[PDB]
2 protein chains.
Amino acid sequence: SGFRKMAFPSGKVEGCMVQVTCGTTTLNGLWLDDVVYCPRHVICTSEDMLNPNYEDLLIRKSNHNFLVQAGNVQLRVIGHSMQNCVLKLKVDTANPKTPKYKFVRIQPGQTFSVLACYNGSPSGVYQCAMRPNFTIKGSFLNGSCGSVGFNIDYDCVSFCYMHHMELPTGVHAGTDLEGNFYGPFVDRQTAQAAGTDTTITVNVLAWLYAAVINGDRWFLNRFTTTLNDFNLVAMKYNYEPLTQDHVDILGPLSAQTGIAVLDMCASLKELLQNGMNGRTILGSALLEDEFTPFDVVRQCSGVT
Amino acid sequence: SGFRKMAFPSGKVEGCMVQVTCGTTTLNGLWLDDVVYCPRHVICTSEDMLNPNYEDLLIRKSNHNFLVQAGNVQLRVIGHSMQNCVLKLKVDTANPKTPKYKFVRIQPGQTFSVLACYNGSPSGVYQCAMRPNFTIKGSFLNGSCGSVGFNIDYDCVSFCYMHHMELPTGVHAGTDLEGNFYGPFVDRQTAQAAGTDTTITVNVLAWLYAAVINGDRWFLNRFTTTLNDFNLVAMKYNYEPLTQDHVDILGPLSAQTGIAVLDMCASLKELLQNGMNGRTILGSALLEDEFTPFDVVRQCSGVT
Ligand SMILES: *CC(=O)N1CCN(Cc2ccsc2)CC1
Ligand SMILES: *CC(=O)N1CCN(Cc2ccsc2)CC1
């Protein structure tokens, strides 16, 4: 029993982290096979970050300008290219610790673990979600860029995030491992405001199921609702509209607990309308939305 | 910027996890050098757990009864002994992935990371604290026993926790790596109630400092207080009494922010007395007490 914000074991990713230095800029790189992936802004001076022309800046760089260090061992760069907002540095040695991996571009509401690194050295691991506004709420200081987000299915690491920038509101933006930003963000020091941070309704419901499975049942009520009625309430509270797809995905949690998805929606509706009245649910005083239905089933079933 | 509940990178510990089977019971073991550490209740049938005599039960067990599997490779047991509530199984092979390590017995209020494992296989990592009642609030299903809690200082893993049991209130009890339970708990299926779960005042203050460092300042007020006055308020709200030792430990955070510890106590006092009024602090609607001053400085300074 008990339910905790839980990250994937980080070892498989720790083995992929290197330091990338271009001139006087240091950040993190991801070494998979004989390629090191890092944010292209490694090539920039802070001066450059106001309106960088990355193709023009990159012409001035040679393979020997990219200093790549794995532990205290230097890797030899034999090639470099820009793909969108990331650099791929070809090194002369395959990473012996390369796990099975995939590159995946996640959707908003999807959760992942982040291994925060400084100088190619892991400092810690925490769990994130891709917000509906394509930001993530991270913990990232200067030097953390190139830190990656990932899911693990048994032996296969699916890399979904690379950290690139902090908005002046202290939220985080980055790319998939093809170097394409999530959302409308650009790797330039300009005016970039996040949109509405809407609550991931399907994740909140999954977490309410997790609460019931673990003894927290006080918010269960005598009511039911319809998708259309629930959604009127979701609209008012900046929740994502609930779809039949969300209802289907919650089916296993519905089945295990014997609480109809729409009944749990009517519970969520009363919580939105009435608040927690100073009570808590799984040790939280607000409605947690960074557990997916898949996350809840995993943690409740003990999958490795 | 941003501040997240953050666990140590788990790789060094992932490399120490094995499966221990005695008869029909399977749980996790910790392989350091040529010793595997596991909870002694591995030797029990559920029948045995009502009033086990571990010394009597252990006489019936030989080295060949302890099945120890690291990945898909079996380790040869060449010796076994009981130390308090843990078994030490001597194996004929040193774990090649043994990190630098220490065994430490932590105090209440101290935080650590847990690598939840099933069948010697890591499922995830999360951050805990030793509660003032010597429970921890974990995420642990059947088969998770022998999962360990740890801190990392650069290269050295300090093992502080091994998971042994769940109280019928869904909180967790376990041992240091010498097999001594935290608090009054025993590895028997009997009536064991947790004491008062008091709030770790020094951790809450550290987290309020983390909030200021990251832009959340709305709760800063015009007041100050004294230790004695603050403590009257802590008593009423089941907070640990604040000592000069706690004030000293918060000195670096005081220094960096320019907010006197006692001023921050007067902020905490108003929050205890008035509530959050539906506001949040670092994305929480309650007062977080599972970040130590050391944790806040680490995450705010980017130590690896
Ligand atoms: C994540 C990280 O380490 N940093 C430091 C370098 N910064 C360069 C930049 C990119 C967009 S605006 C300026 C990014 C944050
Ligand atoms: C942690 C874990 O896997 N388990 C399963 C075995 N249980 C045995 C027991 C110990 C005290 S009461 C019964 C403990 C929980």
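Looking at the entry header, you'll see X-ray crystallography listed as the method and 1.7000 Å as the resolution.

The name that the PDB entry assigns to chain A is 3C-like proteinase, with the source organism given as Severe acute respiratory syndrome coronavirus 2. Per the PDB header, the entry is named "PanDDA analysis group deposition -- Crystal Structure of SARS-CoV-2 main protease in complex with PCM-0102739".

Enquirer: Give me the lowdown on the relation of the copies chain B and chain A, citing residues and values where you can.
Expert: For these two chains of identical sequence, chain B goes onto chain A by a turn of 180° and a shift of 0.0 Å along the axis, with RMSD 0.0 Å. The relationship between the two copies is best expressed as a two-fold rotation axis. The position closest to the rotation axis in chain B is occupied by the C-alpha of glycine 11 of chain B, lying 1.8 Å away.

Enquirer: An account of the interface of chain B and chain A is needed here, citing residue identities and associated values.
Expert: Each side of the interface is counted separately: chain B has 42 residues, and chain A has 42 residues. For the pair chain B and chain A, the summed buried surface comes to about 3,000 Å²; carbon and sulfur atoms form 54% of the total. When the area that chain B buries against chain A is broken down by residue, the three leading residues are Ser1, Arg4 and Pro9 of chain B, summing to 22%. Scanning the region where chain B abuts chain A turns up two salt bridges. Close ionic contact of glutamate 290 of chain B with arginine 4 of chain A constitutes a salt bridge, the shortest N to O distance being 2.7 Å. Between chain B and chain A we count 21 residue pairs in polar contact in total. Those elements giving two or more residues to the side of chain B that touches chain A turn out to be α1 (11–14), β9 (111–118), β10 (121–129) and α8 (293–301) of chain B. The element best represented in the side of chain B that touches chain A is β10 of chain B, accounting for eight residues. Along the lines of polarity and charge, the residues of the side of chain B that touches chain A split into 17 nonpolar, 19 polar and six charged.

Enquirer: Please give an account of the nonpolar core that cites residues and values.
Expert: Ranked by internal contacts, the top residues of the largest apolar core, which has 40 residues, are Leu30 and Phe159 of chain A together with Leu30 and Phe159 of chain B. Leaving out residues up to four positions away in the same chain, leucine 30 of chain B has contacts with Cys16, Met17, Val18, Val35, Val36, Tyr37, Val148, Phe159, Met162 and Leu177 of chain B. One finds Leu208, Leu250, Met276 and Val296 of chain B within the second-largest nonpolar core, a separate group that totals 37 residues.

Enquirer: Which residues make up the site of ligand 2, and what are the values?
Expert: Residue and element names in this part refer to chain B. Around ligand 2, the surrounding shell consists of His41, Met49, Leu141, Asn142, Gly143, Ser144, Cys145, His163, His164, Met165, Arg188 and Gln189. Backbone polar atom of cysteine 145 to an oxygen atom of ligand 2: 3.2 Å apart, as the coordinates give it. For ligand 2, the accessible surface in isolation is 400 Å², of which the surrounding protein chains cover 80%. Counted by class, the shell around ligand 2 contains four nonpolar, seven polar and one charged residues.

Enquirer: Talk me through empty space enclosed by the protein; I want residue IDs and the actual numbers.
Expert: Evaluation of the coordinates by the stated rule reveals two cavities of 30 Å³ or more. Empty space within the largest cavity amounts to approximately 190 Å³. Those elements that place two or more of their residues in the lining of the largest cavity are β9 (111–118) of chain A together with α8 of chain B. With three residues, the single largest contributor to the lining of the largest cavity is α8 of chain B. Counted as a void, the second largest cavity has a volume near 160 Å³. Every residue lining the second largest cavity is counted, 17 residues in all, and those nearest its centre are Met6, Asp295, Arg298 and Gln299 of chain A together with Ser123 of chain B. It is helix α8 (residues 293–301) of chain A that contributes the most residues to the lining of the second largest cavity, three residues altogether. Classifying every residue of the lining of the second largest cavity gives eight nonpolar, five polar and four charged.

Procedures and definitions
- Residues numbered from 1 in each chain as written, not as in the entry; some residues may be left out.
- Chains lettered and ligands numbered in written order.
- Heavy atoms only, no water.
- Least-squares fit on C-alpha atoms.
- Contact = heavy atoms within 4.5 Å.
- Buried area = accessible area lost by both parts, 1.4 Å probe.
- Salt bridge = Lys/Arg side-chain N within 4 Å of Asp/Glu carboxyl O.
- Polar contact = N/O pair within 3.5 Å; in protein donor to acceptor, adjacent residues only side chain to side chain.
- Helix = DSSP H or I, 4+ residues; strand = E, 2+ residues; numbered from the N terminus.
- Nonpolar A, V, L, I, M, F, W, Y, C, P; charged D, E, K, R; others polar.
- Core = buried A, V, L, I, M, F, W, Y, C linked by side-chain atoms within 4.5 Å.
- Buried < 20%, exposed > 50% of the residue type's maximum accessible area, 1.4 Å probe, protein only.
- Near = heavy atom within 4 Å.
- Areas by Shrake-Rupley, 256 points an atom, 1.4 Å probe, with all protein chains shown as cover.
- 1 Å grid on protein atoms, 1.4 Å probe; cavity = no way out; pocket = protein on both sides within 12 Å on 5 of 7 lines; lining within 4 Å.
- Points joined across faces, edges and corners; volume = space filled by probe spheres on them.

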